[PDB]
Amino acid sequence: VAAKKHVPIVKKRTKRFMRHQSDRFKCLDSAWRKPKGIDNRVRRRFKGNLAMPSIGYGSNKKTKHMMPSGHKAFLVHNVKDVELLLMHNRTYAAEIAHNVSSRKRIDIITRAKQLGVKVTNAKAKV
Amino acid sequence: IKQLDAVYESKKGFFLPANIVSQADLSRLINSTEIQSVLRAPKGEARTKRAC
Amino acid sequence: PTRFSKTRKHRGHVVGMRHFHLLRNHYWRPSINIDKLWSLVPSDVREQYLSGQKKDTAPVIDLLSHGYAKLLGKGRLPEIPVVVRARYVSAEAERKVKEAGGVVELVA
Amino acid sequence: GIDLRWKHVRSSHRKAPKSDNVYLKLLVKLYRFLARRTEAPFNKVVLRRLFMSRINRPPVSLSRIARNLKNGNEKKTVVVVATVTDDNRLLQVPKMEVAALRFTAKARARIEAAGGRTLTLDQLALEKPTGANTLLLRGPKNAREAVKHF
Amino acid sequence: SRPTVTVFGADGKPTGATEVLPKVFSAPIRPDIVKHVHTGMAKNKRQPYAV
Amino acid sequence: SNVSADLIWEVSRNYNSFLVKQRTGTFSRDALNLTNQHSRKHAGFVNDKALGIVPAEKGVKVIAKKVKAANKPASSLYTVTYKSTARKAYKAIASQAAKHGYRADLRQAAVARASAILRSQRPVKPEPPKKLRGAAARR
RNA sequence: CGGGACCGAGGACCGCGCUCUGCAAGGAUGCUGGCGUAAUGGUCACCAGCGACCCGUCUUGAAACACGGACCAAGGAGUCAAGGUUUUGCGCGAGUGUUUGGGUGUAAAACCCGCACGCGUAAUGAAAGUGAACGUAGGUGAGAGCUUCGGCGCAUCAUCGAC
RNA sequence: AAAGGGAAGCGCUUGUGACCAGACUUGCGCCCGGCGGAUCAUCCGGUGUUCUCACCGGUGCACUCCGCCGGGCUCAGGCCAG
């Protein structure tokens, strides 16, 4: 069904925090690592450099963990898991685990449409 | 279930332990008349109105 | 446990005399004060003695059976006659026993 | 920027026990309620002493309790937030009403034999919720080998 | 008086017999101490390994 | 004594077999749990008086704890099956939840769960067909 | 008295008020239009304006010098034992420690047992040796808490005494 | 597929092209009309319970309850805006 009324979702930053020199070295994954060298310009926060993550980028407490539809994802593996969202169909949306077979997926989607629960990946294995 | 008492009485150097709490029902303890009759009046509610 | 160590947190950021042939069994004399003397009496008869159901009976205490050789004089005794059999005794302990009305017997 | 020569200081006292004892958690909840809803300083002191550790709660013996029972304190209820131990050097135990966190077996037996009463802290909260007619006692804090070698 | 517990037969129905509950069932329930002792005894059947 | 609902909550507040913990919330698989949330208010296995609502073939099935049969699990549940009008079901559920002081704080949650089950027992309307959108999906 | 920009946090009522049928008074509502899909939004590649030295190590006050780095995968560096010490949790408590050993076992588990022994309960002296109450276990000044509202006074501190 | 007048790579912000995730499709409540049924109110007996609340069997005889189908009305509904 439609989600519960909420404040607008505001993302302070949508770009990821890329690791320094990961764009030049293939042995460096792009996942964030804080520079610990004393002369590092990203660590010393010179202008024109990569930003570093900090708690000031944090998301709104009324809005954190919410998808753009206004729901929170709940991972389900079976019908007994999707029936835990009987009382939360306006705040939580079911998300079927990746290793659930197609028959069980049909069962979960049928039960979720009975309960009025949104499934985020209902088109899978069709 | 008849021999359990004799088993726990036959243990040397050990006794059934004394508890630090005699009445484990905190709701009865708090909402009893003996405590509630001497309490100060409430200074607010669960939800506080925003003043300004 | 390894997982609670700070190193896992730091992952990423690095006269007189000489006595030849001393035998310690020569100098074995444990000591007990008179304030713990009634603790050597078993509990029930101790309670009877302290309450006063034994006005014609005096307890005899062997300190060597309990593991003591000298009776020392710290504390005070009640007004009960007690026979104490000990290898050693101090003057103040024996004096307080005589005030209490007992006698200190010397044994070996 | 703002010039702050002084610095705001975080609290240097315990707000919650480190113990995982669920009974102690229930006692802490009860005395939090009592300290918040009563004006008696006894409840606040008892809550703070429940927060403390073992070396900050030294044992209190029956000889110490009998010493503090003298001079008009014979009818007051003795409150110790630490354990109560037995003293063999005390031959005659006076009649007393003691509420403690815990008792040793000898201390409890000798109190009951002398004719007193042993209480827990929740029974103390039931009978004396404001700490009326109470004698709050502590043991010798500096009586440790570590404190001697300090 | 102390509480009683019903004795059931081989048919799953009560036999009419009741027995006094032992005093160990009123002992304090201490999960922290149970965890400590369980952590201690779970290592007492281990076999050593070394290179 | 040494056992109470407060103690059972202190024991099982961090872990029990009903607990379902994820990033976006903590749930409970209890039968006596209204709203399926892990809290002292809704821990039916913890609390001495508790309610639970289960769907039936038609209508709801409400179980309640019996205070005098706590140590007898086979006879500890008072069960009523409501296969009737929804308004009468809500009336009887609120009556057993609030009239005699048997967990009056669970009244709204119990009526809400009964309404949710009665909604779920309705026939499901067919979904509209998915519209293909854009360039690569459309062609 | 106009003209313009940015913003709309909260979510039943309560309050302070006023111009008092109500209100601009403890946080935006009312009306209307187009569209209902890639239109908004997002990701990727590129162009444009502005910004932006190559990382690690070492040195001193600092740079500079110097050293390592063709690239990728996997491996790769504060560990364990014993002995102390401080702090935390727990059990018992003037005692405490079953597990050298014996009993038992569903068998390297779990359960049970007790003699000795270790540490603690007494110190001091090189040693022989001796060995801790004058007093409600002392007086005075503070001291949480309690109080019958006169005081009693925990821990602890300072000081004078006693053994 | 794209860029290239002696470096490329990176940050902020638009644009172009390519490719996408959502959201939405209507719900709820009244007034009528037409159907299909009596798990409507009261009363009686039994049973269980929280000891006054419910379930079960009879009683309803259709101005009462419960679903369905056609309309009408009110409210709430997506994106960008004045």
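Below, chains carry the letters A, B, ... as their sequence lines are ordered, and counting in each starts from 1.
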Looking at [options], which one has an atom nearest to any side-chain atom of [X]?
X	options	value
A:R13	H:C12, H:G22, H:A54	H:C12
E:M41	H:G9, G:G78, G:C111	G:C111
D:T104	G:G93, G:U86, G:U147	G:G93

Taking the six-membered ring for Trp, does F:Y78 stack with H:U49 (centroid gap under 5.5 Å, planes within less than 30°)?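 It does not: the ring fails the test against the base of H:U49.
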Only pairs with both distances under 3.5 Å count, Watson-Crick or wobble alike; so what is the partner of [N] in this structure?
N	result
G:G41	H:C20
H:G11	G:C50
G:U60	none

Nucleotide N/O of nucleotides 140-144 of chain G paired with protein N/O under 3.5 Å:
none

Atom pairs, N/O to N/O, protein against nucleotides 57-66 of chain H, distance under 3.5 Å?
residue : atom : partner : partner atom : Å
H:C66   : OP1  : F:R87   : NE           : 3.2

Using the side chain to side chain donor-acceptor pair (under 3.5 Å) criterion, which residues pair with C:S90? Sequence neighbours excluded.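 Applying side chain to side chain donor-acceptor pair (under 3.5 Å) to C:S90 gives none.
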Nearest-Å distance once atom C1' is located in both G:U37 and H:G27: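 Pairwise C1' distance, G:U37 against H:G27, rounds to 23 Å.
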Expected rows: protein N/O vs nucleotides 157-163 of chain G N/O, under 3.5 Å:
residue : atom : partner : partner atom : Å
G:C157  : OP1  : D:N142  : ND2          : 3.4

For nucleotides 104-108 of chain G, give me every protein contact, N/O to N/O, under 3.5 Å, one pair per line with atom names.
residue : atom : partner : partner atom : Å
G:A108  : OP1  : E:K45   : NZ           : 2.7
G:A108  : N6   : E:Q47   : OE1          : 3.3

Syn or anti for G:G26, given that syn means the glycosidic angle lies within 90° of 0?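 With its glycosidic angle within 90° of zero, G:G26 counts as syn.
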Students should be able to answer this: classify the pucker of H:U49 from the sign of its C1'-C2'-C3'-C4' torsion, north or south.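 North, since the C1'-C2'-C3'-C4' torsion of H:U49 has a positive sign.
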Near RNA chain H, under 4.0 Å by heavy atom, which residues of residues 130-139 of chain F?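 Contacting residues: F:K130, F:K131, F:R133, F:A135, F:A136.
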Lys/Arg-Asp/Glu bridge criterion (N-O < 4.0 Å) met for D:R110, D:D86: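 Yes, charged N to carboxylate O under 4.0 Å.
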Looking for any heavy atom pair under 4.0 Å, which part of the strands does C:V14 touch: base, sugar-phosphate only, or nothing?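 C:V14: base contact, heavy atoms under 4.0 Å.
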